[PDB]
Amino acid sequence: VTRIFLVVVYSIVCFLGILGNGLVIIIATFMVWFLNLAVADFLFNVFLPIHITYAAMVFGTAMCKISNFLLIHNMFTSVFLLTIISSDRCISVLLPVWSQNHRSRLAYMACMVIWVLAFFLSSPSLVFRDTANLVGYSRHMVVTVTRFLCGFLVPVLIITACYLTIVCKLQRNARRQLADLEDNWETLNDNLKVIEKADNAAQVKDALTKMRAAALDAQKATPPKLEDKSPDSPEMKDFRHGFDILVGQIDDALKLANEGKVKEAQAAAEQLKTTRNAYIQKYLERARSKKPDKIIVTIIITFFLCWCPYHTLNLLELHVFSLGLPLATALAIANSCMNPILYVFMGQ
Amino acid sequence: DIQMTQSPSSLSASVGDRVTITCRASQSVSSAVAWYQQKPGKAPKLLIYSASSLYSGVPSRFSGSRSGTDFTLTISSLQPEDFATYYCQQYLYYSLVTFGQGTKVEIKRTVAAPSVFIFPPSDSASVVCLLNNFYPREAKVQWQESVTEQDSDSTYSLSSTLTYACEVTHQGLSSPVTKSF
Amino acid sequence: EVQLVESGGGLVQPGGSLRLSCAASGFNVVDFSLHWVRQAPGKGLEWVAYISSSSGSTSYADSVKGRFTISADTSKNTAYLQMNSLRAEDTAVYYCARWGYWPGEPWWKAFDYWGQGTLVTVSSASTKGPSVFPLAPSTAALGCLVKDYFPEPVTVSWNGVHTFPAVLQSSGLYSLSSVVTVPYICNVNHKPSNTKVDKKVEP
């Protein structure tokens, strides 16, 4: 019945959580911000078995509870760490070479400041104030206006614009690449028909000079998709060598057009077409193709979607249908139980 | 086949100053230009290649940027040894190499009063109007002329020739002075 | 190391022939092309012709197409530049540059190991000794002047002295001056015409 549902809450929250709590710490020891998550989640998960929250069917926990101190600590840590991660990602997207410039002991001080930032509203709110601890809706003096504003409005707004600018900057980078390649593609195609309709060496040399200049420029520019790999990666060397032969075919076609004969220049330019479409065009056909490489978006989305409903029933009642009590622990326990699987899923 | 232009063809910077030289390529040219420093009476030496890199052995003070079809060369400091003529050259193919007009860098000095001497012709006609220890080059004598290279207190000495009175105008002179014989 | 040597530069009658040998020890002519860049006296550098001995693709500048005939021999590590129907506007200092081969780094490096460069001059006048004319003074600047000498090499040795660069005259000869800011004898050293006439300057 009610006791059975409450009894299994502590076992599900602790045993599942503590299994990944030590594992996350061990894995991190063997991602400075994630080290805080493995640490912060472990503190209020270790003290959860002390009071299994099953003393409601023992009149215990007179000067202790999992609610006030531990949930305030957890919410503050999660919000501060999510804001820090979002700000770091936004800075990295928006040229972090000025804000940080790879200056991540400086990040250790900020990492340890999450508890310091937590120790201004989470632990500082250590008081009963008619909380659970074993008229309105708990709003006589504990209306949690600050808890809702800092817990929800501060974290959601900071995170929401942070990835919005991250995806916006990513689109502008990619956009600045497809247009340049398309421009270089357009001049290669446009100048090729003039050569195929050439009448004298006066123009077939001029057309090739423009096409050589475009190929050299396009080689420096990164491809639209299949990008972000290391410059010395075989695929990047495979792409770069694809233009070291295209220009080589330009030099051979232009050198034979410098002597004076032009009937041969089209044939050399023609054989440039058959190799430019078979390999270069196929490369860009699969190119011009979103989500971060990690599960940081997943953990942030899950937390804000499970703890916002926790505070939704906090002030929902106004001065009956009080179903937010049994689901109170379950909603938060799921997030703690979702912490190690998300970390495992991120590692894959 | 392309035209390459440099607007700052005469620079009068001083020691420790920064010099910016612009270079614009008429046709579409990729990052394929170069800059040479020609000391007087010597072969040019490569300074910057591919418009961004630096040659193996050049001081770090020389740097260049592209910023579109134009090109630019920036010098952080002007040591006394680094004072010569700088040429902007592009290279797209082997047969399409075009050199810039050339940028000359000289020594800055405050304006000075030119000294004018008129030399009576030799008995053995031709007179010469002499300018001695004057700066800068912006001085014209009015009645075939040749000025010396920058002397080593950074001053010039112009010399006119005629085959009578010679007068010299200069920013260092409040009014032109006329010498006659 | 890389080292380029030029020769064959000197006085040429307008319409004559010349041959400049770009000897290049160190590297091999097969490895790198050899471009000839000329610099007219008092003007900027100008491209003339190039040779690539690996295959052979000579292509001269527009103004000198046909007249010149560039060649290269790997057995002698040289890149000759035959001169034909030389004109009076082709006087310059001819440098011999180097350039890499596509692809890779050597191509992206432009003309880097320039040669010393040997000047070629064209004029219709012979070589005559300077006629030093004593120059009376007006401080009192003192000096002397020379006229009607050829070719370029000449120097004035005195006993703040200036020696302005030689300026070509409309008659095909040169003219140089000198002056010392004295608050004395004039010596002229003209090696081609071995004249050492002495001039006495006195107010």
# chains A, B, ... in the order shown; residues from 1 in each chain; ligands from 1
$ interface_residues --of "chain B" --to "chain A" --cutoff "7 Å" --atoms "only C-alpha atoms" --output "PyMOL selection string"
chain B and resi 28-30+92
$ write_last_selection --atoms "N, CA and C atoms" --output "short mmCIF file (atom, residue, chain, number, x, y, z; two decimals), in the first residue's frame"
data_model
loop_
_atom_site.label_atom_id
_atom_site.label_comp_id
_atom_site.auth_asym_id
_atom_site.auth_seq_id
_atom_site.Cartn_x
_atom_site.Cartn_y
_atom_site.Cartn_z
N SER B 28 41.05 38.12 -59.44
CA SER B 28 40.85 37.23 -58.30
C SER B 28 42.12 36.41 -58.09
N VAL B 29 42.87 36.74 -57.05
CA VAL B 29 44.11 36.04 -56.71
C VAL B 29 43.97 35.50 -55.30
N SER B 30 44.27 34.22 -55.12
CA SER B 30 44.20 33.58 -53.82
C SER B 30 45.38 34.04 -52.97
N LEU B 92 50.55 33.53 -59.46
CA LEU B 92 49.49 32.56 -59.68
C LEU B 92 49.95 31.41 -60.56
#
$ interface_residues --of "chain B" --to "chain C" --cutoff "6 Å" --atoms "only C-alpha atoms" --output "list in words"
residues 43, 46, 49, 101, 122 and 148 of chain B
$ residues_around --residues "residue B:63" --least-positions-apart "5" --cutoff "12 Å" --atoms "only C-alpha atoms" --output "PyMOL selection string"
chain B and resi 18-21+34-35+47-55+58+71-77
$ write_last_selection --atoms "N, CA, C and O atoms" --output "PDB file, in the first residue's frame"
ATOM      1  N   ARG B  18      55.471  51.953 -36.625  1.00  0.00           N
ATOM      2  CA  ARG B  18      54.806  50.856 -37.316  1.00  0.00           C
ATOM      3  C   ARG B  18      54.398  51.321 -38.706  1.00  0.00           C
ATOM      4  O   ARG B  18      53.819  52.402 -38.856  1.00  0.00           O
ATOM      5  N   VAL B  19      54.701  50.509 -39.714  1.00  0.00           N
ATOM      6  CA  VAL B  19      54.414  50.833 -41.105  1.00  0.00           C
ATOM      7  C   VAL B  19      53.425  49.812 -41.647  1.00  0.00           C
ATOM      8  O   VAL B  19      53.638  48.602 -41.516  1.00  0.00           O
ATOM      9  N   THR B  20      52.345  50.303 -42.247  1.00  0.00           N
ATOM     10  CA  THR B  20      51.345  49.468 -42.900  1.00  0.00           C
ATOM     11  C   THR B  20      51.358  49.784 -44.388  1.00  0.00           C
ATOM     12  O   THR B  20      51.184  50.942 -44.783  1.00  0.00           O
ATOM     13  N   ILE B  21      51.576  48.760 -45.208  1.00  0.00           N
ATOM     14  CA  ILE B  21      51.647  48.898 -46.656  1.00  0.00           C
ATOM     15  C   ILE B  21      50.540  48.053 -47.267  1.00  0.00           C
ATOM     16  O   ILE B  21      50.441  46.855 -46.982  1.00  0.00           O
ATOM     17  N   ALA B  34      53.676  37.759 -52.256  1.00  0.00           N
ATOM     18  CA  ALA B  34      54.921  37.748 -51.504  1.00  0.00           C
ATOM     19  C   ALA B  34      55.451  39.168 -51.398  1.00  0.00           C
ATOM     20  O   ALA B  34      55.048  40.058 -52.151  1.00  0.00           O
ATOM     21  N   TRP B  35      56.364  39.373 -50.453  1.00  0.00           N
ATOM     22  CA  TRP B  35      56.956  40.681 -50.210  1.00  0.00           C
ATOM     23  C   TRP B  35      58.469  40.558 -50.123  1.00  0.00           C
ATOM     24  O   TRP B  35      58.989  39.719 -49.384  1.00  0.00           O
ATOM     25  N   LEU B  47      60.609  38.064 -47.857  1.00  0.00           N
ATOM     26  CA  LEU B  47      60.201  38.340 -46.486  1.00  0.00           C
ATOM     27  C   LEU B  47      58.971  37.551 -46.071  1.00  0.00           C
ATOM     28  O   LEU B  47      58.996  36.839 -45.064  1.00  0.00           O
ATOM     29  N   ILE B  48      57.886  37.665 -46.832  1.00  0.00           N
ATOM     30  CA  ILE B  48      56.622  37.004 -46.540  1.00  0.00           C
ATOM     31  C   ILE B  48      56.213  36.217 -47.774  1.00  0.00           C
ATOM     32  O   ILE B  48      56.281  36.737 -48.891  1.00  0.00           O
ATOM     33  N   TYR B  49      55.805  34.966 -47.582  1.00  0.00           N
ATOM     34  CA  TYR B  49      55.309  34.148 -48.676  1.00  0.00           C
ATOM     35  C   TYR B  49      53.922  33.621 -48.336  1.00  0.00           C
ATOM     36  O   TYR B  49      53.591  33.406 -47.167  1.00  0.00           O
ATOM     37  N   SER B  50      53.110  33.434 -49.375  1.00  0.00           N
ATOM     38  CA  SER B  50      51.710  33.027 -49.284  1.00  0.00           C
ATOM     39  C   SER B  50      50.845  34.044 -48.550  1.00  0.00           C
ATOM     40  O   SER B  50      49.732  33.710 -48.126  1.00  0.00           O
ATOM     41  N   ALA B  51      51.339  35.269 -48.371  1.00  0.00           N
ATOM     42  CA  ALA B  51      50.647  36.429 -47.814  1.00  0.00           C
ATOM     43  C   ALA B  51      50.414  36.335 -46.313  1.00  0.00           C
ATOM     44  O   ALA B  51      49.960  37.316 -45.713  1.00  0.00           O
ATOM     45  N   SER B  52      50.705  35.207 -45.685  1.00  0.00           N
ATOM     46  CA  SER B  52      50.540  35.083 -44.242  1.00  0.00           C
ATOM     47  C   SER B  52      51.770  34.520 -43.547  1.00  0.00           C
ATOM     48  O   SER B  52      52.095  34.954 -42.441  1.00  0.00           O
ATOM     49  N   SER B  53      52.465  33.575 -44.173  1.00  0.00           N
ATOM     50  CA  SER B  53      53.581  32.895 -43.540  1.00  0.00           C
ATOM     51  C   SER B  53      54.791  33.820 -43.434  1.00  0.00           C
ATOM     52  O   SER B  53      54.767  34.979 -43.851  1.00  0.00           O
ATOM     53  N   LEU B  54      55.862  33.287 -42.853  1.00  0.00           N
ATOM     54  CA  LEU B  54      57.130  33.988 -42.721  1.00  0.00           C
ATOM     55  C   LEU B  54      58.253  33.090 -43.214  1.00  0.00           C
ATOM     56  O   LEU B  54      58.250  31.881 -42.959  1.00  0.00           O
ATOM     57  N   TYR B  55      59.214  33.680 -43.918  1.00  0.00           N
ATOM     58  CA  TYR B  55      60.341  32.910 -44.413  1.00  0.00           C
ATOM     59  C   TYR B  55      61.243  32.472 -43.262  1.00  0.00           C
ATOM     60  O   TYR B  55      61.343  33.133 -42.225  1.00  0.00           O
ATOM     61  N   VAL B  58      63.558  35.234 -41.208  1.00  0.00           N
ATOM     62  CA  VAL B  58      63.142  36.631 -41.141  1.00  0.00           C
ATOM     63  C   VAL B  58      62.838  36.979 -39.688  1.00  0.00           C
ATOM     64  O   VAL B  58      62.347  36.123 -38.936  1.00  0.00           O
ATOM     65  N   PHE B  71      45.954  42.967 -49.918  1.00  0.00           N
ATOM     66  CA  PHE B  71      47.005  42.369 -49.109  1.00  0.00           C
ATOM     67  C   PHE B  71      47.720  43.475 -48.349  1.00  0.00           C
ATOM     68  O   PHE B  71      47.782  44.619 -48.807  1.00  0.00           O
ATOM     69  N   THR B  72      48.263  43.126 -47.185  1.00  0.00           N
ATOM     70  CA  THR B  72      48.869  44.111 -46.300  1.00  0.00           C
ATOM     71  C   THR B  72      50.080  43.509 -45.604  1.00  0.00           C
ATOM     72  O   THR B  72      50.097  42.316 -45.292  1.00  0.00           O
ATOM     73  N   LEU B  73      51.092  44.342 -45.373  1.00  0.00           N
ATOM     74  CA  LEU B  73      52.291  43.962 -44.638  1.00  0.00           C
ATOM     75  C   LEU B  73      52.484  44.934 -43.485  1.00  0.00           C
ATOM     76  O   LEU B  73      52.490  46.152 -43.691  1.00  0.00           O
ATOM     77  N   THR B  74      52.643  44.398 -42.278  1.00  0.00           N
ATOM     78  CA  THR B  74      52.767  45.200 -41.070  1.00  0.00           C
ATOM     79  C   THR B  74      54.098  44.913 -40.390  1.00  0.00           C
ATOM     80  O   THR B  74      54.489  43.753 -40.234  1.00  0.00           O
ATOM     81  N   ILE B  75      54.787  45.977 -39.986  1.00  0.00           N
ATOM     82  CA  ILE B  75      56.080  45.883 -39.317  1.00  0.00           C
ATOM     83  C   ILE B  75      55.911  46.414 -37.901  1.00  0.00           C
ATOM     84  O   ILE B  75      55.454  47.549 -37.710  1.00  0.00           O
ATOM     85  N   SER B  76      56.281  45.600 -36.911  1.00  0.00           N
ATOM     86  CA  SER B  76      56.078  45.992 -35.519  1.00  0.00           C
ATOM     87  C   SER B  76      57.058  47.082 -35.100  1.00  0.00           C
ATOM     88  O   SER B  76      56.676  48.053 -34.437  1.00  0.00           O
ATOM     89  N   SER B  77      58.328  46.940 -35.473  1.00  0.00           N
ATOM     90  CA  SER B  77      59.359  47.891 -35.084  1.00  0.00           C
ATOM     91  C   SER B  77      60.274  48.159 -36.268  1.00  0.00           C
ATOM     92  O   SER B  77      60.431  47.317 -37.156  1.00  0.00           O
TER      93      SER B  77
END
$ interface_residues --of "chain A" --to "chain C" --cutoff "12 Å" --atoms "only C-alpha atoms" --output "VMD selection string"
chain A and resid 216 240 to 252 254 to 260
$ residues_around --residues "stretch 1-7 of chain B" --least-positions-apart "4" --cutoff "6 Å" --atoms "only C-alpha atoms" --output "number ranges by chain"
B: 22-26, 100
$ write_last_selection --atoms "N, CA and C atoms" --output "compact mmCIF listing (two decimals), in the first residue's frame"
# COMPACT_ATOMS: atom_id res chain seq x y z
N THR B 22 49.72 48.67 -48.11
CA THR B 22 48.59 47.99 -48.72
C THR B 22 48.95 47.54 -50.13
N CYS B 23 48.33 46.45 -50.57
CA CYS B 23 48.60 45.87 -51.87
C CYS B 23 47.31 45.24 -52.38
N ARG B 24 46.85 45.68 -53.55
CA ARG B 24 45.57 45.25 -54.10
C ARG B 24 45.79 44.59 -55.46
N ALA B 25 45.27 43.38 -55.61
CA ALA B 25 45.39 42.61 -56.85
C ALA B 25 44.11 42.78 -57.66
N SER B 26 44.27 43.16 -58.93
CA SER B 26 43.11 43.47 -59.77
C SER B 26 42.23 42.25 -59.99
N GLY B 100 54.88 44.71 -57.79
CA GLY B 100 54.34 46.01 -57.44
C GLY B 100 55.30 47.13 -57.75
$ atom_distance --atom1 "atom CA of residue A:134" --atom2 "atom CA of residue A:18"
23.8 Å
$ decode --residues "stretch 174-222 of chain A" --atoms "N, CA and C atoms" --output "CSV table (one decimal), in the first residue's frame"
chain,number,residue,atom,x,y,z
A,174,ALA,N,29.1,27.1,-40.6
A,174,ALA,CA,28.8,26.2,-41.7
A,174,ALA,C,28.3,27.0,-42.9
A,175,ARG,N,27.5,28.0,-42.7
A,175,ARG,CA,26.9,28.8,-43.8
A,175,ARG,C,28.1,29.5,-44.5
A,176,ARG,N,29.1,30.0,-43.7
A,176,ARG,CA,30.2,30.7,-44.3
A,176,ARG,C,31.1,29.7,-45.1
A,177,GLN,N,30.8,28.4,-45.1
A,177,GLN,CA,31.6,27.4,-45.8
A,177,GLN,C,30.9,26.9,-47.0
A,178,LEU,N,29.6,26.6,-46.9
A,178,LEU,CA,28.9,26.2,-48.1
A,178,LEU,C,28.8,27.2,-49.2
A,179,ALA,N,28.6,28.5,-48.8
A,179,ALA,CA,28.6,29.6,-49.8
A,179,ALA,C,29.9,29.7,-50.5
A,180,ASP,N,31.0,29.7,-49.8
A,180,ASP,CA,32.3,29.8,-50.4
A,180,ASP,C,32.6,28.7,-51.4
A,181,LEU,N,32.3,27.5,-51.0
A,181,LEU,CA,32.5,26.3,-51.9
A,181,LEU,C,31.6,26.4,-53.1
A,182,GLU,N,30.3,26.9,-52.8
A,182,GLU,CA,29.4,27.1,-53.9
A,182,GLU,C,29.9,28.1,-54.9
A,183,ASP,N,30.4,29.2,-54.3
A,183,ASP,CA,31.0,30.3,-55.2
A,183,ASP,C,32.2,29.7,-56.0
A,184,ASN,N,33.0,29.0,-55.3
A,184,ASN,CA,34.2,28.4,-56.0
A,184,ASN,C,33.7,27.3,-57.0
A,185,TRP,N,32.6,26.6,-56.6
A,185,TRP,CA,32.0,25.6,-57.6
A,185,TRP,C,31.4,26.4,-58.8
A,186,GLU,N,30.8,27.5,-58.6
A,186,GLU,CA,30.1,28.2,-59.7
A,186,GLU,C,31.2,28.7,-60.7
A,187,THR,N,32.3,29.3,-60.2
A,187,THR,CA,33.3,29.8,-61.1
A,187,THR,C,34.0,28.7,-61.9
A,188,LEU,N,34.2,27.6,-61.2
A,188,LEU,CA,34.8,26.4,-61.9
A,188,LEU,C,33.9,26.0,-63.1
A,189,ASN,N,32.6,25.9,-62.8
A,189,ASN,CA,31.6,25.5,-63.9
A,189,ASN,C,31.5,26.5,-64.9
A,190,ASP,N,31.3,27.8,-64.5
A,190,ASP,CA,31.1,28.9,-65.5
A,190,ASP,C,32.3,29.0,-66.4
A,191,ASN,N,33.6,29.0,-65.9
A,191,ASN,CA,34.8,29.1,-66.7
A,191,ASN,C,35.0,27.9,-67.6
A,192,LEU,N,34.4,26.8,-67.2
A,192,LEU,CA,34.7,25.6,-68.0
A,192,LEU,C,34.0,25.6,-69.4
A,193,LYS,N,32.8,26.1,-69.4
A,193,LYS,CA,32.1,26.2,-70.7
A,193,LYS,C,32.8,27.1,-71.7
A,194,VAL,N,33.3,28.2,-71.2
A,194,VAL,CA,34.0,29.2,-72.0
A,194,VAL,C,35.2,28.5,-72.7
A,195,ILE,N,36.0,27.7,-71.9
A,195,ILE,CA,37.1,27.0,-72.5
A,195,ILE,C,36.6,26.0,-73.6
A,196,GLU,N,35.5,25.3,-73.3
A,196,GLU,CA,35.0,24.3,-74.2
A,196,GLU,C,34.5,25.0,-75.5
A,197,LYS,N,34.2,26.3,-75.4
A,197,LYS,CA,33.8,27.1,-76.6
A,197,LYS,C,34.9,28.1,-76.9
A,198,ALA,N,36.1,27.8,-76.6
A,198,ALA,CA,37.2,28.7,-76.9
A,198,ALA,C,37.5,28.8,-78.4
A,199,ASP,N,37.9,30.0,-78.8
A,199,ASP,CA,38.3,30.2,-80.2
A,199,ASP,C,39.8,30.5,-80.4
A,200,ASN,N,40.5,31.1,-79.4
A,200,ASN,CA,41.9,31.3,-79.5
A,200,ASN,C,42.5,31.2,-78.1
A,201,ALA,N,43.8,31.2,-78.0
A,201,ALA,CA,44.6,31.1,-76.8
A,201,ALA,C,44.5,32.3,-75.9
A,202,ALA,N,44.0,33.4,-76.5
A,202,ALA,CA,43.9,34.7,-75.8
A,202,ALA,C,42.9,34.6,-74.6
A,203,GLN,N,41.8,33.8,-74.8
A,203,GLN,CA,40.8,33.7,-73.8
A,203,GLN,C,40.9,32.4,-73.0
A,204,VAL,N,41.4,31.3,-73.6
A,204,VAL,CA,41.5,30.1,-72.9
A,204,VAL,C,42.6,30.1,-71.9
A,205,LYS,N,43.6,31.0,-72.0
A,205,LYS,CA,44.6,31.2,-70.9
A,205,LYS,C,44.0,32.1,-69.8
A,206,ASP,N,43.2,33.1,-70.2
A,206,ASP,CA,42.5,33.9,-69.2
A,206,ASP,C,41.5,33.2,-68.4
A,207,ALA,N,40.7,32.3,-69.0
A,207,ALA,CA,39.7,31.5,-68.3
A,207,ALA,C,40.4,30.6,-67.3
A,208,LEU,N,41.4,29.9,-67.7
A,208,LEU,CA,42.1,29.0,-66.8
A,208,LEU,C,42.8,29.7,-65.6
A,209,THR,N,43.3,30.9,-65.8
A,209,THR,CA,43.9,31.7,-64.8
A,209,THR,C,42.9,31.9,-63.6
A,210,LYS,N,41.6,32.2,-64.0
A,210,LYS,CA,40.6,32.4,-63.0
A,210,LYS,C,40.2,31.1,-62.3
A,211,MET,N,40.2,30.0,-63.1
A,211,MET,CA,39.9,28.7,-62.5
A,211,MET,C,41.0,28.1,-61.6
A,212,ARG,N,42.2,28.4,-61.9
A,212,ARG,CA,43.3,28.0,-61.0
A,212,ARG,C,43.3,28.8,-59.7
A,213,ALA,N,42.9,30.1,-59.8
A,213,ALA,CA,42.9,30.9,-58.6
A,213,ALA,C,41.7,30.4,-57.7
A,214,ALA,N,40.6,29.9,-58.2
A,214,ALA,CA,39.5,29.5,-57.4
A,214,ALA,C,39.9,28.1,-56.8
A,215,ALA,N,40.5,27.2,-57.5
A,215,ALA,CA,40.9,25.9,-56.9
A,215,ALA,C,41.9,26.1,-55.7
A,216,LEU,N,42.8,27.0,-55.9
A,216,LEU,CA,43.7,27.3,-54.8
A,216,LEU,C,43.0,27.9,-53.6
A,217,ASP,N,42.0,28.7,-53.8
A,217,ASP,CA,41.3,29.3,-52.7
A,217,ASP,C,40.4,28.3,-52.0
A,218,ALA,N,39.7,27.4,-52.8
A,218,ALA,CA,38.8,26.4,-52.3
A,218,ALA,C,39.6,25.4,-51.5
A,219,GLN,N,40.9,25.1,-51.8
A,219,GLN,CA,41.6,24.1,-51.0
A,219,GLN,C,41.8,24.6,-49.6
A,220,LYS,N,42.1,25.9,-49.4
A,220,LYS,CA,42.2,26.4,-48.0
A,220,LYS,C,40.9,26.3,-47.2
A,221,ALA,N,39.8,26.5,-47.9
A,221,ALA,CA,38.5,26.5,-47.2
A,221,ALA,C,38.1,25.1,-46.8
A,222,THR,N,37.6,25.0,-45.6
A,222,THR,CA,37.2,23.7,-45.1
A,222,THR,C,35.9,23.2,-45.8
